[PDB]
Protein chains: 2
Amino acid sequence: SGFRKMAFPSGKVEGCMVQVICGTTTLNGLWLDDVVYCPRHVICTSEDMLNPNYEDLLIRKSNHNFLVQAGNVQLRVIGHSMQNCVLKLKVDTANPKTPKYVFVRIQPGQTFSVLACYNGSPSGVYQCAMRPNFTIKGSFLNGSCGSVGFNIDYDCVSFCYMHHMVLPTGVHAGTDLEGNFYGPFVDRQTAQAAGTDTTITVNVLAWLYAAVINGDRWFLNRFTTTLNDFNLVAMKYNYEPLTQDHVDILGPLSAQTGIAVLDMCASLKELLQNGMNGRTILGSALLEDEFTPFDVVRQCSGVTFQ
Amino acid sequence: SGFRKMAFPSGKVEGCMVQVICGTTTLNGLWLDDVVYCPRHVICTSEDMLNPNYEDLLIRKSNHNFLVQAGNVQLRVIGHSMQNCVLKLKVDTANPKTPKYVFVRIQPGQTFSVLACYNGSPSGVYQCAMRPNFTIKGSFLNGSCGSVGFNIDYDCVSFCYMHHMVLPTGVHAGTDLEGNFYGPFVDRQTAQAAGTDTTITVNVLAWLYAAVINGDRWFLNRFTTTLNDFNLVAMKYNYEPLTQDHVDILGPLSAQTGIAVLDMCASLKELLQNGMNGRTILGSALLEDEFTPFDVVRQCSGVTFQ
Ligand SMILES: *C(=N)[C@H](C[C@@H]1CCNC1=O)NC(=O)[C@@H]1[C@@H]2[C@H](CN1C(=O)[C@@H](NC(=O)C(F)(F)F)C(C)(C)C)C2(C)C
Ligand SMILES: *C(=N)[C@H](C[C@@H]1CCNC1=O)NC(=O)[C@@H]1[C@@H]2[C@H](CN1C(=O)[C@@H](NC(=O)C(F)(F)F)C(C)(C)C)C2(C)C
């Protein structure tokens with residue numbers, strides 16, 4: 001009963017967050033085994049960030065130029081290297097709370113939880129999606145860089161995002177844990193802008209299935225459609241094409257509700273053409289595209305994690 | 001930059017969740033010091049829940065009728081007592097991960113995070129508000145009872161909610177940690193219904209301040225109003241009266257944005273009378289009332305917790 005934007009429990013990630021200080025700049029780091037991962041612009045001054053040469057700036061720093069704070073314990077940095085846009089600091093102590101973990105790169109349309117942190121301390125948790133233009137609609141303030149995005153699979157934390165910057169229009173950009181940016185952005189304070197966004201069509205349909213599961217079923221019609229006919233209508237409204245892979249992804253929701261994917265596509269097509277006529281779906285006046293089909297299954301079937 | 005429904009980090013609460021089994025019924029429990037708190041209907045069968053006599057059912061059970069599972073460790077129950085609608089189980093081992101904590105009863109309009117759990121394992125976290133009709137719009141499945149709501153103050157976990165039931169229209173009802181229900185509901189499977197809900201007016205204004213902070217300021221007009229004039233309009237739209245205490249609560253947001261509370265009240269009054277004219281605020285087509293003024297300050301100023 002009910003449906004909300006639900007984040008993964010964050011305790012496993014909380015035990016990995018540390019504060020990284022380089023001179024006067026401070027931000028968050030991820031402590032896994034004996035390595036701390038953090039954005040490379042921790043080594044920049046405010047002036048440096050306008051046009052930085054990270055390799056040149058890292059040259060002039062030794063291990064003693066970095067201070068890592070984990071709770072009330074300072075960790076000695078005994079090595080450092082740069083991998084793309086993330087800095088890796090080897091420390092003399094391995095994190096005893098290191099969970100089983102993996103570094104992944106997610107695709108546009110997939111969701112993850114964000115643990116927003118400041119000065120190495122967790123502050124809040126929320127759910128986000130990687131937009132088709134490779135931004136995320138996050139909530140970050142100054143000092144939030146180093147905050148990570150993740151998904152939990154039973155006992156394994158899949159880290160997929162580290163926060164680096166906010167763009168015009170207030171959207172956010174970052175890297176995977178190997179330091180490669182999502183999208184064409186660079187970690188320099190210069191004018192950059194994301195491309196036009198798109199509505200994640202498969203996520204809307206998953207959200208529509210969630211509405212039916214919770215008894216909100218006014219938008220269901222008696223029609224069907226073909227994948228070609230639906231996609232032609234969707235493109236005119238800046239909706240992404242629905243592929244056969246997306247249909248297969250939606251299979252579990254079709255089986256639970258007894259509504260064929262193409263029948264639900266007929267309902268969405270009507271909603272796109274005629275609007276919602278002043279009605280709401282799951283309490284929302286706009287169609288929602290930041291729930292993946294697995295999010296709907298997990299929330300409407302109750303998968304737990306240890 | 002940006003604004004989301006943000007939950008508190010849940011790690012402190014995750015270390016307190018256990019599985020409570022009584023015969024065939026299973027649900028979640030809260031393990032603090034050497035006591036486990038859980039809903040009292042764990043001692044019911046499916047038939048019992050239709051019209052239970054909890055005192056009579058508890059009579060016929062000893063400490064050995066309860067099995068508490070904390071991870072891979074079973075805890076021996078060495079005592080049990082009933083306090084209102086919560087059952088308290090004394091165990092032979094105190095929780096070493098017991099955080100500093102307090103039991104509070106919240107007021108309608110205040111928010112809290114929910115750690116949804118099943119079989120004692122955390123599954124997801126989301127933010128909720130206590131509605132004026134003393135329900136919450138949660139997301140719960142079968143076996144979710146014992147899940148708790150909480151707020152974090154630095155290092156202290158303030159527990160304010162334990163989940164017990166879902167009502168018609170899909171809203172949820174529960175108790176404080178002393179077992180007293182929020183609202184007139186009872187833990188019996190019989191037809192019950194919540195009163196008419198109301199829009200938390202002070203929370204809407206706080207959310208409007210969050211919009212201005214994030215540059216979304218089309219709804220600001222050049223007018224002011226009196227508290228009496230605004231409240232008269234608000235009542236016709238099922239909005240709660242705005243008191244002087246609510247105005248004082250809003251003070252920090254007025255100081256940060258430089259917009260007087262009554263000037264923002266003039267904007268809300270116009271929105272209520274004329275609608276939104278097809279526009280959105282913070283990406284929403286409806287006014288949002290589940291952010292308290294402190295939530296806005298915390299998210300737009302970045303308070304952390306250890
Ligand atoms: C990390 N601690 C911050 C988080 C920012 C700060 C406010 N909201 C956020 O998400 N990251 C930065 O300050 C990054 C970083 C330099 C500058 N920066 C920016 O986000 C800037 N944005 C851009 O330059 C633009 F236009 F490309 F988006 C800023 C103007 C300061 C908001 C580096 C190294 C890119
Ligand atoms: C705790 N594990 C469950 C959580 C429920 C189950 C589905 N969604 C939820 O939130 N709590 C219950 O099953 C409680 C509990 C008996 C029955 N119950 C209900 O929520 C029932 N609701 C009502 O009887 C009514 F109308 F008052 F809301 C049910 C019809 C089973 C949904 C007790 C002891 C009240």
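Positions along each chain are numbered from 1 by the written sequence. They may not match the entry numbering, and residues without coordinates are not shown. Labels are handed out in written order, letters beginning with A for the chains and numbers beginning with 1 for the ligands. Computation of side-chain values covers all heavy atoms of the structure but excludes hydrogens and water. Residues with missing side-chain atoms are left out of burial classes, side-chain pairs and their counts.

For this coordinate set, the PDB header names X-ray crystallography as the determination method and states a resolution of 2.1800 Å.

Participant: Quick question: what am I supposed to make of the overall build of chain A here?
Facilitator: The numbering of helices and of strands both runs from the N terminus, where a helix is a DSSP run of H or I of at least 4 residues and a strand a run of E of at least 2. Broken down by element type, chain A carries eight helices and 13 strands. Its C-alpha atoms give chain A a radius of gyration of 22 Å, within 12% of the compact-globule value 19 Å for 306 residues. Pairs of residues are marked as contacts when any of their non-hydrogen atoms sit within 4.5 Å. Within chain A, contacts between residues separated by at least 24 positions form 65% of all contacts whose residues are at least 6 apart in sequence. Restricting the calculation to C-alpha atoms gives the radius of gyration, and the globule rule supplies 2.2 Å times the number of residues raised to the power 0.38.

Participant: Teacher, can you tell me more about the site of ligand 2 here?
Facilitator: The cutoff for a nearby residue is simple: one of its non-hydrogen atoms must lie within 4 Å of the molecule or strand. Taken together, 22 residues are adjacent to ligand 2, and B:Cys145, B:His163, B:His164, B:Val166 and B:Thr190 come closest. Looking at what sits near ligand 2, you find residues from chains A and B. In this structure, B:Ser144 approaches ligand 2 through a main-chain N or O atom, which is 3.5 Å from a nitrogen atom. A distance of 3.0 Å is found between a nitrogen atom of ligand 2 and a backbone nitrogen or oxygen belonging to B:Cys145. In short, Shrake-Rupley with a 1.4 Å probe defines the accessible areas, and a residue's cover is counted only from the protein chains shown. For ligand 2, the protein covers 81% of the area, taking 700 Å² as the surface of the free molecule. With four residues, strand β12 (residues 156-166) of chain B is the single largest residue contributor to the shell around ligand 2. Residues belonging to the shell around ligand 2 are distributed by class as follows: nine nonpolar, eleven polar and two charged. Within 3.5 Å is the distance limit for a polar contact, defined as a pair of N or O atoms, with the added protein rule that one can donate a hydrogen and the other accept it, and that residues adjacent in sequence qualify only through two side-chain atoms. By the convention adopted, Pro, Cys, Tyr, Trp, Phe, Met, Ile, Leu, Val and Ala count as nonpolar, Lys, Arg, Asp and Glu as charged, and the other residues, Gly among them, as polar.

Participant: Teacher, can you tell me more about helix α8 (residues 293-301) of chain A here?
Facilitator: One turn of an α-helix holds 3.6 residues; hence residues three or four places apart share an orientation. Among the residues of α8(A), A:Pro293, A:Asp295, A:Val296, A:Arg298, A:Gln299 and A:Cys300 are the ones counted as buried. As for α8(A), its buried residues are in contact with β9 (111-118), β10 (121-129), α3 (201-213), α5 (244-249) and α6 (251-257) of chain A together with β10 (121-129) of chain B. Phi turns positive one or two residues past the end of α8(A), at A:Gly302, with a value near 85°. Each residue's exposure class comes from its accessible area (1.4 Å probe, protein chains only) as a fraction of the maximum for that residue type: buried when under 20%, exposed when over 50%, partly exposed otherwise.

Participant: So what exactly am I meant to see when it comes to the nonpolar core here?
Facilitator: Considering soluble globular proteins, one finds that nonpolar side chains tend to be buried as a cluster. In terms of nonpolar packing, the biggest core is built from 42 residues, with A:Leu30, A:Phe159, B:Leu30 and B:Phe159 touching the most fellow members. If near-sequence neighbours (up to four positions away) are discounted, B:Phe159 is found in contact with B:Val13, B:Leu30, B:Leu32, B:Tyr101, B:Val102, B:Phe103, B:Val104, B:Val148, B:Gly149, B:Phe150 and B:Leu177. For the purposes of this section, nonpolar cores are sets of buried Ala, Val, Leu, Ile, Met, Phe, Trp, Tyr and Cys residues that join through side-chain atoms within 4.5 Å.

Participant: How do you make sense of helix α7 (residues 261-274) of chain A when you look at a structure like this?
Facilitator: Residue and element names in this part refer to chain A. Between its first and last C-alpha, α7 extends 20 Å over 14 residues, near the 20 Å set by a 1.5 Å rise per residue. Among the residues of α7, those classed as buried are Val261, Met264, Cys265, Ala266, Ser267, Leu268, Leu271 and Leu272. Buried residues in α7 make contact with α3, α4 (227-236), α5 and α6. Phi turns positive, to about 75°, at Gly275, one or two residues after α7. The span you would expect from a helix comes to 1.5 Å times its residue count less one.

Participant: What exactly am I supposed to notice about the site of ligand 1 here?
Facilitator: In the neighbourhood of ligand 1, 22 residues make up the surrounding shell, with A:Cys145, A:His163, A:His164, A:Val166 and A:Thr190 lying closest. One chain alone does not account for the residues near ligand 1; they come from chains A and B. Separating a nitrogen atom of ligand 1 from a backbone N or O atom of A:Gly143 is a distance of 3.5 Å. For ligand 1, whose free accessible area comes to 710 Å², the fraction covered by protein is 82%. With four residues, strand β12 (residues 156-166) of chain A is the largest single contributor of residues to the shell around ligand 1.

Participant: Explain the packing of aromatic side chains to me, please; I cannot follow it from the model alone.
Facilitator: Any two aromatic rings considered together are summarised by their centre-to-centre distance and by the angle between their planes. Residues and elements named next belong to chain B. Put simply, two rings from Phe, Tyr or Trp (the six-membered ring, in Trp's case) pair if the centres are within 6.5 Å, and we call them stacked under 30 degrees between planes, edge-to-face over 60, tilted for the rest. This structure, assessed with the given rule, holds 18 aromatic pairs over all chains. Geometrically, the ring pair formed by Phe3 and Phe291 is tilted, given 4.6 Å between the ring centres and 50° between the ring planes. Of this pair, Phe3 sits in the segment before α1 (11-14) while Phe291 sits in the loop between α7 (261-274) and α8 (293-301), and the two are 288 residues apart along the sequence. Of the residues examined, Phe3 reaches a relative accessible area of 14% and is grouped as buried.

Participant: I tried to follow the packing of helix α4 (residues 227-236) of chain B against α7(B) on my own but got confused; where do I start?
Facilitator: Two numbers describe a pair of packed helices, the interaxial angle and the distance between the axes. Residues and elements named next belong to chain B. Viewed as axis vectors pointing N to C, α4 and α7 meet at an angle of 25°, and their least axial separation amounts to 10 Å. Compared by their axis directions, α4 and α7 come out roughly parallel. The chirality of how α4 crosses α7 is left-handed. Contacts from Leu227, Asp229, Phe230, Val233 and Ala234 in α4 reach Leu262, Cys265, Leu268, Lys269, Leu272 and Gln273 in α7. Taken together, the residues of the contact of α4 with α7 break down into eight nonpolar, one polar and two charged. Between the N-to-C directions of two axes lies an angle of 0 to 180 degrees, each axis being a line fitted to C-alpha atoms and, for a helix, fitted only over the stretch in contact. The scheme is simple: roughly parallel for angles under 35 degrees, roughly antiparallel for over 145, roughly perpendicular for 65 to 115, oblique for anything else. Crossing handedness is defined as follows: a turn of the near helix away from the far one that is anticlockwise and smaller than a right angle gives a left-handed crossing, while the clockwise case is right-handed.

Participant: Mind showing me how you'd approach the interface of chain B and chain A here?
Facilitator: Note on interface size: it is often stated as the accessible area lost on association of the parts. Taken together, the 44 residues of chain B in the interface contact 44 residues of chain A. In this assembly, chain B packs against chain A so that about 3,100 Å² is buried in total across both faces, 53% of it on carbon and sulfur atoms. When the buried surface of chain B facing chain A is broken down by residue, B:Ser1, B:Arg4 and B:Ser123 rank first, second and third, together holding 22% of it. Salt bridge, as used here, is a side-chain nitrogen of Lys or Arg placed within 4 Å of a carboxyl oxygen of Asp or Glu. There are two salt bridges connecting chain B and chain A. Taking the shortest distance from any N to any O, the salt bridge between A:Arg4 and B:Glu290 comes out at 3.0 Å. At the boundary of chain B with chain A, the tally comes to 23 residue pairs in polar contact. The dominant element in the side of chain B that touches chain A, judged by the number of residues it contributes, is β10(B), at eight residues. For the side of chain B that touches chain A, a count of residues per class yields 19 nonpolar, 18 polar and seven charged. Buried area adds together the accessible area that both of two parts lose upon being put together, with accessible area traced by a 1.4 Å probe.

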